[PDB]
Amino acid sequence: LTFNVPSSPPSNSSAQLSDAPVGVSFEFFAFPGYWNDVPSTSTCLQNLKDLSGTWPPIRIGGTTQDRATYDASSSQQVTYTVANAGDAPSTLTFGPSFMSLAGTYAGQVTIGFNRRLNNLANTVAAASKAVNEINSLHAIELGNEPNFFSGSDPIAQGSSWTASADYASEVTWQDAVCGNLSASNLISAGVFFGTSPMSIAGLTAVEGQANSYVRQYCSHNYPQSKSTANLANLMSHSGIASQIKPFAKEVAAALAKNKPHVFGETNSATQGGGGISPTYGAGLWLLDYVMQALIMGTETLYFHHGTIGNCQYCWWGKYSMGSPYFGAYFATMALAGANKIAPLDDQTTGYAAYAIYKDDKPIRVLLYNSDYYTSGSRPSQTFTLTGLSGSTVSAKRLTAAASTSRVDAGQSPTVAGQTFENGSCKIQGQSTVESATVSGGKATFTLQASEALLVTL
Ligand SMILES: C[C@@H]1O[C@@H](O[C@H]2[C@H](O)[C@@H](O)[C@@H](O)O[C@@H]2C(=O)O)[C@H](O)[C@H](O)[C@H]1O
Ligand SMILES: C[C@@H]1O[C@@H](O[C@H]2[C@H](O)[C@@H](O)[C@H](O)O[C@@H]2C(=O)O)[C@H](O)[C@H](O)[C@H]1O
Ligand SMILES: *[C@@H]1O[C@H](CO)[C@@H](O)[C@H](O)[C@H]1NC(C)=O
Ligand SMILES: *[C@@H]1O[C@H](CO)[C@@H](O)[C@H](O)[C@H]1NC(C)=O
Ligand SMILES: *[C@H]1O[C@H](CO)[C@@H](O)[C@H](O)[C@@H]1O
């Protein structure tokens with residue numbers, strides 16, 4: 001395997017990147033718990049800001065945003081009952097202090113409010129409070145995954161809930177919210193799970209002048225369920241290229257409206273994740289997915305964090321770190337301060353190489369070996385880079401014992417030999433940097449199955 005590193009961005013490069021493409025989504029009812037009850041939240045976010053110079057953007061939403069009513073006279077951030085701490089509530093209220101708490105975050109904040117219950121005046125009042133309380137407010141969603149609403153939901157108003165019904169609903173709600181707030185460029189529109197039966201392509205065709213009310217168009221993506229869980233398939237480099245392809249039309253539809261696309265809620269697998277979601281391989285999926293989604297043209301990805309103590313795809317909890325945090329950390333490291341990324345491979349194999357540009361000059365190369373590995377002799381692949389300078393380059397390696405390695409089982413992955421403390425997210429260990437010879441502008445690297453390597457030029 002040999003890849004030429006071009007001296008300026010290739011034609012199949014990404015567009016200019018955001019300052020911090022890797023963000024975090026927090027299930028709406030659990031957001032105060034993440035801030036108040038989970039010590040690792042602050043440090044895990046600070047660790048990423050320390051790499052990029054920008055707070056990861058955050059989003060607060062999910063199914064529970066459509067179970068929630070704003071209570072302007074509540075002094076509580078969030079009020080609900082569950083039978084077990086592991087359950088999500090069937091209903092909840094949130095006070096104005098919920099938005100104030102989100103307003104303590106310095107990074108860009110997206111907040112999702114309720115459209116399913118058709119409480120339009122209540123959602124307008126929550127939106128007004130969000131604008132007042134959240135200085136770094138990026139966007140407001142009006143409903144989460146309206147593709148899953150039914151004729152039984154208040155928003156359907158006793159008629160069938162079709163794609164056309166939702167698009168018409170979104171324009172009406174965008175008009176009422178922006179009209180009441182005298183605002184524009186505010187709504188995170190669509191918020192669809194996948195691309196059928198509702199699509200950004202379909203919504204943008206109907207938006208017309210209400211496009212002016214839209215900040216961004218939003219997709220959700222979860223490649224697998226508990227029932228289709230297959231870690232080798234999830235993390236496969238060529239598999240990821242196939243998996244994201246339906247969203248290419250969604251990105252194109254948003255960008256034709258001069259509005260960004262985001263994956264405003266995404267993670268490995270649904271119902272909070274399956275046996276594959278806490279693995280090292282799910283962190284490698286996350287790493288490679290981020291790179292491919294940004295080249296496709298999405299602006300930002302927000303990885304979902306669900307019920308505290310019952311969340312398989314979470315990067316951290318109250319007590320343990322999760323292997324997937326290593327993918328988010330490495331992706332953030334790879335992209336830090338970069339303007340563009342370009343795929344050097346053709347995405348037909350398990351092996352990836354990306355050139356990473358700053359000021360139109362190559363600064364880093366990210367290599368990825370997506371081969372699934374659990375037992376026996378671990379295979380490896382050599383990667384040759386051409387077109388380089390000097391007599392030597394440096395590299396940092398992401399590795400673990402197996403594709404299935406879990407931090408909570410004691411098999412943490414390492415990022416240049418470092419790990420993150422259980423219960424705090426503090427960085428731990430001695431960093432180790434590798435070096436390689438450059439002769440005649442070529443250097444060779446070896447990646448075992450299920451590894452990634454960030455080469456600094
Ligand atoms: C799946 C895992 O859940 C959370 O970690 C658990 C861990 O599995 C358990 O053994 C114990 O240590 O409690 C922690 C916790 O609740 O923090 C955590 O969300 C982690 O990121 C996940 O991978
Ligand atoms: C209530 C919530 O349910 C799951 O999270 C959902 C998420 O709310 C939804 O927007 C997305 O399509 O699917 C997620 C998923 O199935 O994982 C999780 O079980 C959460 O932990 C829980 O809080
Ligand atoms: C404001 O919101 C209400 C819904 O509570 C709606 O009836 C009204 O038309 C909206 N006003 C403007 C100016 O958009
Ligand atoms: C990107 O373009 C390069 C040539 O500049 C090519 O070798 C590579 O296969 C392309 N990758 C993709 C995924 O289009
Ligand atoms: C990666 O390391 C292998 C040894 O396993 C070499 O063949 C290669 O040239 C590079 O140093």
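Just so you know, ligand 1 is whichever comes first in the structure, and atom 1 is the first atom listed for that ligand. Positions are given from 1 along the sequence.
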Practice task
Could you tell me whether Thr446 and ligand 5 have an N or O pair separated by under 3.5 Å?
Solution key: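 Yes, there is a polar N/O contact under 3.5 Å.
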Among all protein heavy atoms, pick the one closest to [atom] and tell me residue, atom and distance.
atom: atom 5 (O) of ligand 4; answer: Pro10 CB, 4.2 Å
atom: atom 9 (O) of ligand 5; answer: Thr444 CG2, 3.7 Å
atom: atom 16 (O) of ligand 1; answer: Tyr319 CD1, 3.8 Å
atom: atom 7 (O) of ligand 4; answer: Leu344 O, 3.9 Å

Problem - Neighbour count above 12 (heavy atom, 6.0 Å) for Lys259 NZ - result: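 Check passes, neighbour count above 12.
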Exercise for the section: Evaluate whether atom CZ of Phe148 has more than 12 neighbouring non-hydrogen atoms of other residues, nucleotides or ligands under 6.0 angstrom away. Expected result: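 Enclosed: over 12 neighbouring heavy atoms sit under 6.0 Å from CZ of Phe148.
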Going by atom types only, do [X] and [Y] share a side-chain donor-acceptor pair under 3.5 Å?
X: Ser18; Y: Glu299; value: no
X: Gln243; Y: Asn233; value: no
X: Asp346; Y: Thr348; value: yes
X: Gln428; Y: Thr419; value: no
X: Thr43; Y: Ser424; value: no

Problem - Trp315 contact mode with ligand 1 (heavy-atom cut-off under 4.0 Å) - result: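 Answer for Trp315: backbone.
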Practice task
Go through ligand 4 atom by atom and flag the ones less than 4.0 Å from a non-hydrogen atom of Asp346.
Solution key: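 Listed by number with element: 9 (O).
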Practice task
Run the numbers for me: atoms of ligand 4, each under 4.0 Å from some heavy atom of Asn12, listed by number.
Solution key: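 Counting from 1, the qualifying ligand atoms are 1 (C), 2 (O), 3 (C), 8 (C), 10 (C), 11 (N), 12 (C), 14 (O).
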Which option out of [options] puts a heavy atom nearest to [atom]?
atom: atom 22 (C) of ligand 1; options: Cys311, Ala409, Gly317; answer: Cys311
atom: atom 12 (O) of ligand 1; options: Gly410, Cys314, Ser320, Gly272; answer: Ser320
atom: atom 2 (C) of ligand 1; options: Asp408, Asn422, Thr279; answer: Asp408

Exercise for the section: Output yes when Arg406 and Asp408 qualify as a salt bridge under the 4.0 Å nitrogen-oxygen rule, no when they do not. Expected result: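 Judged by the 4.0 Å cut-off on N to carboxylate O distance, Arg406 and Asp408 do form a salt bridge.
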Handout entry: Short N-O contact, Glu207 and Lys257, less than 4.0 angstrom
Key =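 Salt bridge: no.
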Near [X], which atoms of ligand 1 are under 4.0 Å from a heavy atom of that residue?
X: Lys318; value: 17 (O)
X: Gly322; value: 21 (O), 23 (O)
X: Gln312; value: 1 (C)

Handout entry: Sub-6.0 Å ring centroid separation between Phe3 and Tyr351
Key =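 Between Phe3 and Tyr351, the centre distance exceeds or equals 6.0 Å.
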Problem - Close approach, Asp345 and ligand 4, non-hydrogen under 4.0 angstrom - result: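 Yes; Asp345 lies near enough to ligand 4 that a heavy-atom distance drops under 4.0 Å.
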Handout entry: Plane angle bin for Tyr325 and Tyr329 - parallel if under 30°, tilted between 30 and 60°, otherwise perpendicular
Key =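 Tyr329 vs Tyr325 ring planes: tilted.
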Exercise for the section: Using the six-membered ring wherever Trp is involved, compare the ring planes of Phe28 and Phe98 and label them parallel, tilted or perpendicular (cut-offs 30° and 60°). Expected result: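 Ring orientation of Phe28 relative to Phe98: parallel.
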Exercise for the section: Please name the pair of heavy atoms, one in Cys218 and one in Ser188, separated by the smallest distance, quoted to 0.1 Å. Expected result: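 Heavy atoms only, the tightest pair is CB-OG, 3.4 Å.
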Would [atom] count as contacted, meaning some protein heavy atom under 4.0 Å?
atom: atom 18 (C) of ligand 1; value: yes
atom: atom 13 (C) of ligand 4; value: yes
atom: atom 14 (C) of ligand 1; value: yes

Problem - Residue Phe445 vicinity, atoms of ligand 5 by number, heavy atom under 4.0 Å - result: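 Heavy-atom distances to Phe445 below 4.0 Å select 1 (C).
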Exercise for the section: Would you check the N or O atoms of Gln347, main chain and side chain alike, for any that come under 3.5 Å of an N or O of ligand 4? Expected result: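 In this structure, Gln347 places no N or O atom under 3.5 Å from an N or O of ligand 4.
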Exercise for the section: Flag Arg406 as yes when one of its N or O atoms lies below 3.5 Å from any N or O atom of ligand 1, and as no otherwise. Expected result: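 N/O-N/O distance under 3.5 Å: no.
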